[PDB]
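Next up: just one chain, as structure tokens, the form deposited in one PDB entry.
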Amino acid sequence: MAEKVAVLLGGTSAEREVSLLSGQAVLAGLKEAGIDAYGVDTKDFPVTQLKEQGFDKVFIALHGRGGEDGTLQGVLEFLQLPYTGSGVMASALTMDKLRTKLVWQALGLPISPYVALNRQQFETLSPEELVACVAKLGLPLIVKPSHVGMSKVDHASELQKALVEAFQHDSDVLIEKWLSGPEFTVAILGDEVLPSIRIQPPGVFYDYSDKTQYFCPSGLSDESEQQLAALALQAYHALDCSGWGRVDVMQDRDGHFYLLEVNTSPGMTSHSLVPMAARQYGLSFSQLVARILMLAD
């Protein structure tokens, strides 16, 4: 018998608005392909009741907290409903910058040099020791929390300052070497790596708008794109991802690629990265979402 599919959307996180748009597009795409899909705004319907409502399969179109971080996935494993995107472990681990970095580094995948700090060694030390500690990183630097309130840093007086603003919403902190750019992103769909996209934000960060420019194709030489494609796939399997996702990557002045992050529930607005990548690989939006759904075992 045919599947009843729930498209989860909206939610209660900071990214509710984008998620409303993503879910709306996913919904229209699935109905175009003949899938018996139904929208579910999770602000108002409890995800713990999907099974009672008669659903067979879940398409996850939520973003941020409670959507891509393992918690929803755990609910779905408890109910024994198949769902799109990565499982609990991968979904949660991709939110944790420190441990994502550790997994990659143990495998010898390229990451920007960094130094981790918790609040202990933070308060158990002062600026004359903190600067010697990072000295080997050079300048300038990025200070961010392990799990939004980050800074760029140019010389050694600026450091101490920015460290304390980072502990205002996290307890483990990363101090990374600054990379020149440019920034790229690589969508993965099952095992297929799609065309990369160059991203230029106006300021120093590609943080949380409307000005940001994107380039498809990305302008990389051909040899450069195979390297970035293979690396992306490795980085995605490294964290045990599956179904689909998006790997974020940055070049440095030397031209080498460094891994930043994997996003386990990407935006699916008409203006979003994955659909733009897919259209360039030659897939309609409708085929994209039918495929993601097919990849949910």
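All residue numbers are counted from 1 along the displayed sequence. We call the rigid core whatever largest set of C-alpha positions still superposes within 1.5 Å between the two forms.
There is also a form deposited in another entry; it is not shown, and the following applies to it.
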- request: Tell me, with the core superposed, which single residue in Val88, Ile111, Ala156, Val103 has its C-alpha moved by at least 2 Å between the shown form and the other one.
  value: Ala156
query: Any CA movement of 2 Å or more for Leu79 between the shown form and the other one, core superposed?
result: no
message: Quick check on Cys216: with the core superposed, does its CA move 2 angstroms or more between the shown form and the other one?
response: no
- request: Note yes or no: does the Cα of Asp191 move by 2 Å or more between the shown form and the other one after the core is superposed?
  value: no
